[PDB]
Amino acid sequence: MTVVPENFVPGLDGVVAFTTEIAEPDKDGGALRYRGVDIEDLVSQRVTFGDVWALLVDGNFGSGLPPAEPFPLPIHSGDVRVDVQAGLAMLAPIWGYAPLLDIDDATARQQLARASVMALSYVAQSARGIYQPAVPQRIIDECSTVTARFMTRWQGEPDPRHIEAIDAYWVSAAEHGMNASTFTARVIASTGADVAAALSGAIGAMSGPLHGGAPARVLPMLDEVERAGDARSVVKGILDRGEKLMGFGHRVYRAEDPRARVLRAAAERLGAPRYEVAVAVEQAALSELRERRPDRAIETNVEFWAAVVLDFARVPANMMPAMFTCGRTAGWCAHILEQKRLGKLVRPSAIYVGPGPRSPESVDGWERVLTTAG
């Protein structure tokens, strides 16, 4: 802890923290796989989110996410993320969740599933809000998928097409390697904390606007083209004005992000009213950015089609981050269980480059210490 190694770079970019068996974002190959299964196969075969949760967590099919038990959300803070972050942490004492260090794998797995679906129930309740009555459990119980139950608990009578849109979205968002919120879940798990503490901390990481991957603020642009009608000219004006085009930029996969293709497809198939305009904005935005920057590689961000699909499902813009979080719980749970089996505390190091030894009296403000105390 003294000298900065030769062009050391802050952060952990490219530092391998783990091996994982859970999922492979194959950027070079243009494909995203969950336990070896392409998400395009999962989504096109209409595998529901609860079953994809189990594939990711267990490595095989057959023990899908159970329905949430009745539990009125105790937290009403004005922010769905806070409600779920606080509410999840509070499950440990009332449900008796011991630290991960103290339980076997099967128990941790059951506790993950029970807590994970309660995260969805809490989001639905928070979004529905306190200024109207809860949806009765018996109406939710008429549903046959976790995704249908979530939409019913939130909206009461959801359009089945909107349930399908959320299913496609959540599966496409379920897992994506070693990002900050997945990493936060694994660090908290690695202390042997209970699984609710790890999920609650991951929600905190996920809430940061630099976490990346939350749906795109593209709806105002899609409204402009709906009134103006000239997708190309609106794109040209968005760029000429100095503004940046939302939902487009550098390539993430080799070409098309496969999650963007899956969601564009979902929007087409389900007859989302904004589809035709969005397809026009996409073709306009890529041909425009590529013509303006011919040596740069430009593709559609999944966050663009995520906004179209979520918006179709009547998700308000202020709620789209929570919807991302709902899907990502599958990957968090898978990584928490894998971290438990790893059994290795995550505890990096630092190099000290601050002041050397000195007296307290030599520190600025010391007179104020003696004046306050005196």
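In this text, residue numbers run from 1 along the sequence as written.
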Looking only at CA atoms, which has the higher mean B factor in the entry: 298-306 or 240-248? 240-248
If you take the mean CA temperature factor per stretch, which one wins between 107-115 and 207-215? 207-215
Determine which member of 232, 259, 128, 81 has the highest CA B-factor, using the values in the deposited entry. 232
Out of 141, 157, 194, 223, highest CA B-factor residue: 223
In terms of its chain's C-alpha B-factors, the third that includes residue 287 is the highest
Relative to the other modelled residues of the same chain, rank the CA B-factor of residue 133 and answer lowest, middle or highest third. middle
Considering only modelled residues of the same chain, in which third does the CA B-factor of residue 353 rank: lowest, middle or highest? middle
By the record's CA B-factor, is residue 254 among the lowest, middle or highest third of residues in the chain? highest
Name the third of the chain's ranked CA B-factors that contains residue 22, choosing lowest, middle or highest. lowest
